[PDB]
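The chain below stands alone and is given as structure tokens, in the form solved without D-mannitol (MTL).
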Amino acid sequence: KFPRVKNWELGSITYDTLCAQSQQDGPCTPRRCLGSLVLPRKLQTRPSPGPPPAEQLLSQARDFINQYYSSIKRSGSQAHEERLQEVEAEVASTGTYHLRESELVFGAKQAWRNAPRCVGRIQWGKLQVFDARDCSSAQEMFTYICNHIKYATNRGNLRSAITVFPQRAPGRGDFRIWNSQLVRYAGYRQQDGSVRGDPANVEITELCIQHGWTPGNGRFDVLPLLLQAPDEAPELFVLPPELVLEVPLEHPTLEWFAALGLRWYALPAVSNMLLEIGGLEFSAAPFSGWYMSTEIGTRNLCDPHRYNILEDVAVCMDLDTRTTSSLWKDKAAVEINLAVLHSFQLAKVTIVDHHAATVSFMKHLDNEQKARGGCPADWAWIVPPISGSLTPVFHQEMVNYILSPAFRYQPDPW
């Protein structure tokens, strides 16, 4: 039942007993493994036409309350039995319930802790939870968002944070942030099927224009936010330029690199995922930490369907782009990642390279083994996009499963 897990570099063995707490199903079955799929309908939390029946919600709620009081060690006290009483009374009457701020804070950190695809989980206990459940309009969402950004950025000394908007109610639409991240660069479809800017943001850029935005035409034009209040059309809000910290990219030894005009924002904040805590679903709960250099240098700038600067940089380096055996792609990629680390360090902006990051994740796997008897990790996401075997996580076997609280994917509001 309990999977035997091995590290092939050290030859050490551990038994994951935590996977037994998993109550939510993954995309896999004995017939076939679907662990490499990014978006399975299993990790997704779609709509619904009728509220979740009390039986199920009550069991998820009681479990979470059990998790919480067990964290503060008062597992069994009167406060515990009374909090359970309260949840049950509210669900029985209203078919739903509400969390306390302390409970919401414990649940958010635990959602991050439980996130299989996150390599930065060693920082899980250090999270600023902004309570925004007392928000009634898109305009208010914007103010809250601006406070999250100014706090998290911190003049370059980034701090992990999350802002939790009102949960979903059966009798209405959701509070949603249409953008996938608080900071994104525009992607303009240019006549000849070409794309100016970030190809990943083409659709969102169009929606912003459809909703009245005056677009530019640069490669790094920060998009405005489309915030949506329940059952209302999204409203456009332009982020103040002073709130959006950006780092211009230059290379430590290649003077011509800076001339490329490359740059990237400091704050990585996902805003399209759903935070589930004790049966309660929060459709708008943006979270942010700090970047791992590979996200910018490798993926964002080198992916074929993104900025794809690999060839341009190779040419500037005068590499042999004729054949692949010259490893021109590899060499160029290394220098770009190097330029990213040098630039963020020069500008005094928090950044972590993939070696430091994965080394800290291995320590985290160790902490969780003693703490909980295991740790859910998605190998393909934990192992960096370049130099995979040069890092310790590559030689570590991992078990993947769903634990709750959890950050899950959800449908696009449009």
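Note that residue numbering follows the sequence shown and begins at 1. Rigid core: the largest C-alpha set superposing within 1.5 Å between the two forms.
K.L.:
Superpose by the rigid core and compare 352 to 360 with 53 to 61; which one moves more, by C-alpha RMS, in 9 other deposited structures of this protein?
P.N.:
Result of the core-fitted comparison in 9 other deposited structures of this protein: 53 to 61 deviates more.
K.L.:
Root mean square C-alpha distance from this form after a core fit in 9 other deposited structures of this protein: higher for 275 to 283 or for 170 to 178?
P.N.:
Farther from the shown form on average in 9 other deposited structures of this protein: 170 to 178.
K.L.:
At least a third of the other compared entries leaving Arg32 unmodelled, is that the case?
P.N.:
In all of the other entries, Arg32 has coordinates.
K.L.:
For the other entries of this protein included in the comparison (both sides of the residue modelled), is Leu43 absent in a third of them or more?
P.N.:
Across the other compared entries, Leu43 is absent from at least a third.
K.L.:
Can you let me know which of the two, 368 to 376 or 52 to 60, has the higher average C-alpha B-factor in the entry?
P.N.:
Higher of the two, by average CA B-factor, is 52 to 60.
K.L.:
Going by the mean C-alpha B-factor recorded in the entry, which is higher: 401 to 409 or 21 to 29?
P.N.:
It is 21 to 29.
K.L.:
I'd like to know which of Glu81, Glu90, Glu335, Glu103 has the highest C-alpha temperature factor in the PDB entry.
P.N.:
Spelled out: the listed residue with the top C-alpha B-factor is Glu81.
K.L.:
Pick out which of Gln85, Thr143, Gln123, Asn179 has the highest C-alpha B-factor in the PDB entry.
P.N.:
In this record, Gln85 carries the highest C-alpha B-factor of the candidates.
K.L.:
Name the third of the chain's ranked CA B-factors that contains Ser389, choosing lowest, middle or highest.
P.N.:
Lowest third of the chain for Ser389's C-alpha B-factor.
K.L.:
Report the third (lowest, middle or highest) to which the CA temperature factor of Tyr151 belongs, ranking only the modelled residues of the same chain.
P.N.:
Middle third - that is where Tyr151 ends up once the chain's C-alpha B-factors are sorted.
K.L.:
Against its chain's modelled residues, does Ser36's Cα B factor rank lowest, middle or highest third?
P.N.:
For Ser36, whose C-alpha B-factor we compare with every modelled residue in the chain, the answer is the middle third.
K.L.:
Could you tell me which third, lowest, middle or highest, the C-alpha B-factor of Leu43 occupies within its chain?
P.N.:
It falls in the top third of the chain.
K.L.:
Using only modelled residues of the chain, where does the Cα B factor of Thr253 rank: lowest third, middle third or highest third?
P.N.:
For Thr253, whose C-alpha B-factor we compare with every modelled residue in the chain, the answer is the highest third.
Only in words, not in the display: the form solved in complex with D-mannitol (MTL), which the text now covers.
K.L.:
Check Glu203, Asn272 and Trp414: does every one of them have a heavy atom within 4.5 Å of D-mannitol (MTL) in the deposited bound form?
P.N.:
Judged in the deposited bound form, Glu203, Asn272 and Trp414 all sit within 4.5 Å of D-mannitol (MTL).
K.L.:
Closest heavy atom of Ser180 to D-mannitol (MTL) in the deposited bound form, within 4.5 Å or not?
P.N.:
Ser180 belongs to the contact set for D-mannitol (MTL).
K.L.:
Is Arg168 close enough to D-mannitol (MTL) in the deposited bound form to count, meaning some heavy atom within 4.5 Å?
P.N.:
Output for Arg168 is no: heavy atoms all beyond 4.5 Å of D-mannitol (MTL).
K.L.:
For the chain shown here without its partner, which stretch in 335 to 343, 194 to 202, 209 to 217, 69 to 77 has non-hydrogen atoms within 4.5 angstroms of D-mannitol (MTL) in the deposited bound form?
P.N.:
Correct option: 194 to 202.
K.L.:
For 88 to 102: residues with a non-hydrogen atom within 4.5 angstroms of D-mannitol (MTL) in the deposited bound form?
P.N.:
Residues within 4.5 Å: none.
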